[PDB]
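Each chain gets a letter, A, B and so on, in the order the sequences are listed, and its residues count up from 1. In what follows, every heavy atom counts, from backbone to side chain, and hydrogens, waters and symmetry copies are set aside.
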Amino acid sequence: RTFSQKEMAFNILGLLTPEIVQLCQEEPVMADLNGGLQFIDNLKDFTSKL
Amino acid sequence: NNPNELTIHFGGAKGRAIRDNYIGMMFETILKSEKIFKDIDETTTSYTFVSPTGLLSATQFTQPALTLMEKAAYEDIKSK
Amino acid sequence: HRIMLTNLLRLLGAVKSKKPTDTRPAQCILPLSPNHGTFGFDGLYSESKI
Amino acid sequence: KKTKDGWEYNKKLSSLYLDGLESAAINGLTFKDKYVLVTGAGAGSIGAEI
């Protein structure tokens with residue numbers, strides 16, 4: 001899937017939650033907000049094809 | 001400095017330990033066990049002390065400061 | 001690249017230098033990318049993101 | 001070898017590289033007609049031995 005600016009902002013603002021804040025305090029947080037794009041083989045070629 | 005305001009922050013492990021100290025502080029009376037800092041809990045990230053003109057006049061900070069100035073003067077006197 | 005990486009690290013370092021307190025960390029929301037060079041001609045964008 | 005995501009150890013490529021190393025160890029390695037540009041090859045460095 002592909003996000004809107006509002007959706008991405010909601011995701012990051014949730015990443016600014018108190019729970020993720022303390023999580024970052026105790027341990028660096030890697031938040032994959034990619035909408036499943038990592039599972040596409042040859043993303044550049046597929047994008048150019050589309 | 002005698003700051004008018006002073007915010008203690010509870011971020012990181014040291015912050016959690018300090019918050020635990022503040023939470024464990026209890027005002028036992030006759031047996032009731034009301035907490036000194038009722039507004040501090042596990043979900044609080046900070047606590048602010050409030051004074052009208054300066055925190056050095058506050059009882060919690062005045063007493064340690066005065067006890068300590070007297071102790072330090074007496075210990076320098078002892079060293080002499 | 002300077003904007004995206006070097007001055008970013010300098011901003012974080014300046015905040016750290018300004019903080020003598022150790023109990024109020026600043027949460028740095030790094031805009032990481034899932035695509036480090038897989039897409040086409042982007043200059044040093046992928047370099048900075050990785 | 002790069003999988004459909006990241007880089008993981010590969011048996012075939014590793015065996016090829018180690019076989020090349022074995023060949024270089026026994027018979028030596030010719031670099032004739034190889035035009036190289038090496039930097040950071042001062043005395044007491046890996047580049048100097050290269």
Can you list everything that forms a salt bridge (charged side-chain N to carboxylate O under 4.0 Å, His left out) with A/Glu7? Sequence neighbours excluded, please.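 With neighbours one apart ignored, the set is A/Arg1.
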Which heavy atom of A/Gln25 sits nearest a heavy atom of C/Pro25, and at what distance?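 Closest approach of A/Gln25 to C/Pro25: CG-CG, 4.0 Å.
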Which residues pass the side chain to side chain donor-acceptor pair (under 3.5 Å) test with A/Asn11, not counting sequence neighbours?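 In terms of side chain to side chain donor-acceptor pair (under 3.5 Å), with neighbours along the sequence ignored, A/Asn11 is linked to no residue.
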Are more than 12 heavy atoms from other residues, nucleotides or ligands located less than 6.0 Å from atom CG of C/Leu9?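 Check passes, neighbour count above 12.
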For the CZ atom on A/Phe10, are there more than 12 heavy atoms of other groups (residues, nucleotides or ligands in this structure) within a distance under 6.0 Å?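 12 or below, so no.
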Any chance you could measure [X], atom [atom1], to [Y], atom [atom2], to the nearest 0.5 Å?
X	Y	atom1	atom2	answer
A/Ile40	C/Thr38	CD1	OG1	12.0 Å
C/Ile29	A/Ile12	CD1	CD1	7.5 Å
A/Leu33	C/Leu32	CG	CG	9.5 Å

Does any heavy atom of chain C fall under 4.5 Å from the side chain of A/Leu16, the backbone, both, or neither of them?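 Both backbone and side chain.
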Check whether A/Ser48 gets within reach of chain C through its side chain, its backbone, both or neither, counting any heavy atom under 4.5 Å.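 No part of A/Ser48 comes within 4.5 Å of chain C.
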Answer whether the closest heavy-atom distance between the side chains of C/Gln27 and A/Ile20 falls below 4.5 Å.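 Yes - at least one pair of side-chain heavy atoms lies under 4.5 Å apart.
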